[PDB]
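As structure tokens, the next two blocks hold two forms of the same chain, structure 1 and structure 2.
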Structure 1
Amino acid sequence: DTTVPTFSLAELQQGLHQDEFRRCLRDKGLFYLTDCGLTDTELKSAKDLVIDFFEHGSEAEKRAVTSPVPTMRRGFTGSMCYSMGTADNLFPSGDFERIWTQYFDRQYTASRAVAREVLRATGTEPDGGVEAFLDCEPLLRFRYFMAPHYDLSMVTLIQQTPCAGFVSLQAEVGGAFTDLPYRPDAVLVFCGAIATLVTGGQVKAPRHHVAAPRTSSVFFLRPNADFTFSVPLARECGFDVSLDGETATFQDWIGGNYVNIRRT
């Protein structure tokens, strides 16, 4: 069955559907998530004020919220992007800041909450504990409009708005690329390679791609640099590590700059 499933976060938190969820994580590594605090209403408000900015902000206003290095980490990047994390943000105005701080907080809360359920369903206690693992280094990227890749996050949450009905996002499921359209009521979750790693290979990190024939909100839940894991265990589930020794950190593995995606 190559259906992309949907889970209620609330139901998962109540201990329901645990075998289904575990099988989804192992066999597919993607699902829609409902009842997680992330509404089309709220997306709508953040989306409107950032589109207003992209459409109608002077370039002086844009330059004030442009980083001096064009990394798409914070602020505006000209298809146009707006990026945020938990600090060091660049905001065009008081109203924008209120709306986007709130939006970011809800995405971060939902992402930590579903990651907690991924860890619980797989029996996983990260080295250093669950809450230090989840208090991490997220990145939110909003785009206004691929070669297939997998994400290097723990999980990635994706909200979309639809086209005037072309479906750009596709993921591999049961060995075929499958449409992943917008859902009013739901966020799309992709498991990333860090889920695979931390859980000892119990979670798939699916390949996906964004096709050209919209907007996308992508939240990457990314571990801290000092996230530590077992090297021989990494080797058991397909990681081609060049790491001496029995344990390593995320920094050891990926290097000194975050890397969000990888191709085969």
Structure 2
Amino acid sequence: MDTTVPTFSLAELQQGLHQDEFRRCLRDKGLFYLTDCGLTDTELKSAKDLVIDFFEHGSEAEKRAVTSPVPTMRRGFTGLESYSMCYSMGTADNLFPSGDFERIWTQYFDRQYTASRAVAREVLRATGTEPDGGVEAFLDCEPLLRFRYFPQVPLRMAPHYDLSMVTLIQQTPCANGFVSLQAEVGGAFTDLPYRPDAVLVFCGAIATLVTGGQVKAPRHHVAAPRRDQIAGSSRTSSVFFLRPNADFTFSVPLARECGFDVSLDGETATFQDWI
């Protein structure tokens, strides 16, 4: 039936405006684009620009000394060695190629994090939800950002819900129109392109959980291009996962009620256990 994906100014929402629509969008299709939340395509494009700079012009040497040590616990670069390169950050223990990089990308992270907190904060106020220990404690959490860059100019994974409170995507488009990102919206698969001055927001499982089921975490997937769509497909994505502190808590009879792969037992549980 209904597949459209709505847009909102965060400033306007904070001014009480559009209350019902925003409420229903959460509960029935857990996603949306978002203007006026103190992110800018310029900031994004300046960050992108210096990573690709390093991709292209760094020695074997500087890379090695800041490529991922533990390959799966996640800080630094991957997939740059002689299809997808990828940079990761967090609150700390980060790895940086130069001094100026550190600044630009530390600020880029902060701005992201602040925005993430804001929208999240709004998501709670809107469901009249007030987490155990406080809205702020909860929002002071252990977040993670992953940037991807697909350069140069066929297996199909299954959709997933994100293991997050909210997730913010900023993407750059392909020179040829192809959208990698799609989601289940009222029965169907809707494209999720780059929109100018906007930023995409998935609600995540944690959102659903903390609001006592009031908010939907949409299943989404990231397609590759068919072996004929390859020319003009360089793209990037900036994906900021707003993950809680290890010790957040949730009643497991509530959890499975929304179709969540949890092979653990007992009374309630915690975020650390689950990942």
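Shifts are known only where both forms have a C-alpha. What we label the rigid core is the largest C-alpha set whose atoms superpose within 1.5 Å from one form to the other. Just so we're on the same page, residue numbers count up from 1 along structure 1's sequence.
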Report task. If the chain moves as two rigid parts between structure 1 and structure 2, put down the smaller part's rotation against the larger in degrees. Result -> 17
Query - Once the two forms are fitted on their core, CA shift of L12 between structure 1 and structure 2 in Å - result: 0.9
Query raised in the report: Following alignment on the rigid core, what Cα displacement (Å) is computed for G238 between structure 1 and structure 2?
Result: 5.0
Report summary line: Core-superposed C-alpha displacement of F227 between structure 1 and structure 2, in angstrom, equals 1.2
Report task. Could you list, in sequence order, the stretches of three or more consecutive residues moving 2 angstroms or more at Cα between structure 1 and structure 2 on a rigid core superposition? Result -> 228-254
